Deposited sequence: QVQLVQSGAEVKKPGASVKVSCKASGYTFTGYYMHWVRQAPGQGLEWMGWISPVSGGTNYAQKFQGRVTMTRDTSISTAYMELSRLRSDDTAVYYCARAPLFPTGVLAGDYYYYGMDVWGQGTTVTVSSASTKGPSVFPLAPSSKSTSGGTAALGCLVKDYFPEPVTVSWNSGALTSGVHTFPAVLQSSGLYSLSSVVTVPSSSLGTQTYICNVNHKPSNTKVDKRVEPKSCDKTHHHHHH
């Protein structure tokens, strides 16, 4: 069961620092470089640096100099990456990945030299000046034989928000859209249901919006 398991999503203000961790399971931790690679939303992969677990030596791309601190704890097979003086363009998914320290050895092995063959699942880091805020929830009322109704989840921070309908009972025809990020720094999303127009006068539709970071949980009835 060879795997890298990374710590959970982070939300930080400009100027703060973030510490991402990465725990290895199922292999010899001290036999592989741990590489760190990040990926901004929609963008390409960007190599950040590596650490040797035997010595603790590290190198990193010149643009992260004096900002990135990679460490490890061999007794718990855990690598750490700390990025300081954060800025909004540090918003990205951060990955760790292993590659072998040696191209061969007396142990037979894969020796995928300079190939990053096992990757953590990624850690989302969001850098933003915005402050936590729960959403306003508004119904989008229904006006050929089918109708569309929905909920607008307006002006919240941070991600994520979860939406269901009728406490889970209704999934057919549901489309929850990815959030837009507004110039204000706040997010908005919509969820829409396509429904037989006959049911409109008889059955009830309620969207369940849950925004854990603000303790906001709202069940909005959507009527004609």
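- When the deposited sequence is numbered from 1, the segments without any C-alpha atom are 144-148, 230-241.
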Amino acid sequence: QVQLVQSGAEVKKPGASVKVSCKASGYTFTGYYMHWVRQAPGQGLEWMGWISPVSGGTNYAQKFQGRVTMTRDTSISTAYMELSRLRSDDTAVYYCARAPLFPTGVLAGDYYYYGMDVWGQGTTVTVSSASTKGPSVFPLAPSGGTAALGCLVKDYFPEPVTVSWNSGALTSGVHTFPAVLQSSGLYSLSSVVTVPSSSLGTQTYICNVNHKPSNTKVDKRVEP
From here on, numbers count along this sequence of modelled residues.
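- Of the candidates 59, 52, 198, 190, the one whose C-alpha carries the top B factor in the deposited record is 198.
- In the PDB entry, a CA B factor belonging to the highest third of its chain's modelled residues is recorded for residue 69.
- The entry lists a Cα temperature factor for residue 147 that places it in the highest third of the chain's modelled residues.
- The deposited CA B-factor of residue 6 belongs to the lowest third of values across its chain.
- The deposited CA B-factor of residue 214 belongs to the highest third of values across its chain.
- Ranked by Cα temperature factor within the chain, residue 40 sits in the highest third according to the deposited record.
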